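**Student:** The structure that follows is given in the form of C-alpha cells.
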Amino acid sequence: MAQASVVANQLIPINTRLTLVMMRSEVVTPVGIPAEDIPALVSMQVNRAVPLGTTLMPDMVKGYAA
C-alpha cells in the first residue's frame, strides 16, 4: 500500500467546513480521498460526523468531485 488518504485528525462534527488542522495523510485500507487533495478540501463541508482516525471518503464531502 503506498497511496495515502485523507484521515480525520480530530472529530469533525456534521456540517463542519474542513480546515487544515482537521486533516492528516495516512496509508490506510480502504483508500479514501487522495492525501494530495487536502488543499482542495479546505472550506468544504462534510455531510456527516467524521470520528477521529476515520478515512474521508468522496461521499462524505458536499461538492467533492475529483
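Just remember, in the C-alpha cells the first chain shown is A, the second B, etc., residues are 1-based per chain, and ligands are 1-based in the order shown.
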Chain A: which residues are helix (DSSP H, G or I) by DSSP, as a list in words?
**Tutor:**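 Answer for chain A, restricted to helix (DSSP H, G or I): residues 20, 21, 22, 35, 36, 37, 38, 39, 40, 41, 58, 59 and 60 of chain A.
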**Student:** Write out as a compact mmCIF listing (two decimals) with N, CA and C atoms, in the first residue's frame which residues come within 10 Å of stretch 21-32 of chain A when counting only C-alpha atoms, dropping same-chain ones fewer than 3 positions away.
**Tutor:**
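out_32.txt was written with the following content:
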# COMPACT_ATOMS: atom_id res chain seq x y z
N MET A 1 0.95 -1.10 0.00
CA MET A 1 0.00 0.00 0.00
C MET A 1 0.99 1.15 0.00
N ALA A 2 0.81 2.12 -0.87
CA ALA A 2 1.67 3.29 -0.92
C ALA A 2 0.80 4.55 -1.03
N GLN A 3 -0.43 4.45 -1.55
CA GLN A 3 -1.29 5.61 -1.64
C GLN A 3 -1.79 6.00 -0.25
N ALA A 4 -1.61 7.27 0.04
CA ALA A 4 -2.06 7.83 1.30
C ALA A 4 -3.41 8.49 1.09
N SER A 5 -4.27 8.42 2.09
CA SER A 5 -5.58 9.03 2.08
C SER A 5 -5.68 10.12 3.13
N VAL A 6 -6.71 10.93 2.99
CA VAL A 6 -7.06 11.95 3.98
C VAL A 6 -7.75 11.21 5.13
N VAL A 7 -7.27 11.43 6.36
CA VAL A 7 -7.80 10.82 7.57
C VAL A 7 -8.08 11.95 8.56
N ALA A 8 -9.22 11.89 9.24
CA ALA A 8 -9.63 12.89 10.22
C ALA A 8 -8.67 12.91 11.40
N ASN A 9 -8.11 14.08 11.66
CA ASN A 9 -7.16 14.30 12.73
C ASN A 9 -7.85 14.69 14.02
N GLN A 10 -9.17 14.89 14.00
CA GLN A 10 -9.99 15.18 15.18
C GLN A 10 -11.41 14.82 14.80
N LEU A 11 -12.37 14.81 15.72
CA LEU A 11 -13.75 14.57 15.34
C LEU A 11 -14.18 15.80 14.55
N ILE A 12 -14.70 15.58 13.35
CA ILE A 12 -15.22 16.64 12.53
C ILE A 12 -16.75 16.53 12.67
N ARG A 17 -17.12 22.93 8.06
CA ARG A 17 -16.29 23.26 6.91
C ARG A 17 -14.88 22.82 7.33
N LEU A 18 -14.21 22.06 6.47
CA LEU A 18 -12.92 21.50 6.77
C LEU A 18 -11.82 22.53 6.88
N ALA A 35 -4.54 11.96 -0.34
CA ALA A 35 -3.92 12.94 0.55
C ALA A 35 -3.53 14.23 -0.15
N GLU A 36 -3.22 14.08 -1.44
CA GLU A 36 -2.85 15.18 -2.31
C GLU A 36 -3.96 16.23 -2.44
N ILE A 38 -5.92 17.38 -0.03
CA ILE A 38 -6.18 18.18 1.18
C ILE A 38 -6.29 19.68 0.87
N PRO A 39 -5.43 20.35 0.08
CA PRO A 39 -5.64 21.71 -0.41
C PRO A 39 -7.04 22.06 -0.89
N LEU A 41 -9.81 20.56 -0.31
CA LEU A 41 -10.87 20.27 0.64
C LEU A 41 -11.17 21.35 1.66
N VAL A 42 -10.24 22.28 1.89
CA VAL A 42 -10.42 23.34 2.87
C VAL A 42 -11.63 24.18 2.47
N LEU A 52 -12.48 10.91 14.81
CA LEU A 52 -11.03 10.85 14.81
C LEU A 52 -10.52 9.51 14.26
N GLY A 53 -9.59 9.63 13.32
CA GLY A 53 -8.97 8.46 12.74
C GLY A 53 -9.77 7.89 11.57
N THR A 54 -10.90 8.47 11.15
CA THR A 54 -11.70 7.94 10.05
C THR A 54 -11.17 8.43 8.71
N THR A 55 -11.14 7.55 7.72
CA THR A 55 -10.78 7.94 6.37
C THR A 55 -11.88 8.77 5.73
N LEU A 56 -11.54 9.93 5.16
CA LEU A 56 -12.52 10.74 4.45
C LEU A 56 -12.79 10.12 3.09
N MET A 57 -14.05 9.80 2.84
CA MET A 57 -14.44 9.24 1.57
C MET A 57 -15.09 10.29 0.68
N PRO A 58 -15.12 10.16 -0.66
CA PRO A 58 -15.75 11.11 -1.58
C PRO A 58 -17.18 11.51 -1.22
N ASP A 59 -17.96 10.51 -0.83
CA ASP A 59 -19.35 10.70 -0.45
C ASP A 59 -19.58 11.42 0.87
**Student:** Pick out the closest residue to residue A:19 from this set: A:45, A:61, A:51, A:66. Count only C-alpha atoms.
**Tutor:** A:45
**Student:** I need the strand (DSSP E or B) residues of chain A per DSSP on the backbone, written as a list in words.
**Tutor:**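 Taking chain A and keeping strand (DSSP E or B) only, one gets residues 5, 6, 7, 8, 12, 17, 23, 24, 25, 26, 34, 45, 46, 50, 55 and 61 of chain A.
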**Student:** Mind pulling up the distance from atom CA of residue A:64 to atom CA of residue A:49?
**Tutor:** 16.2 Å
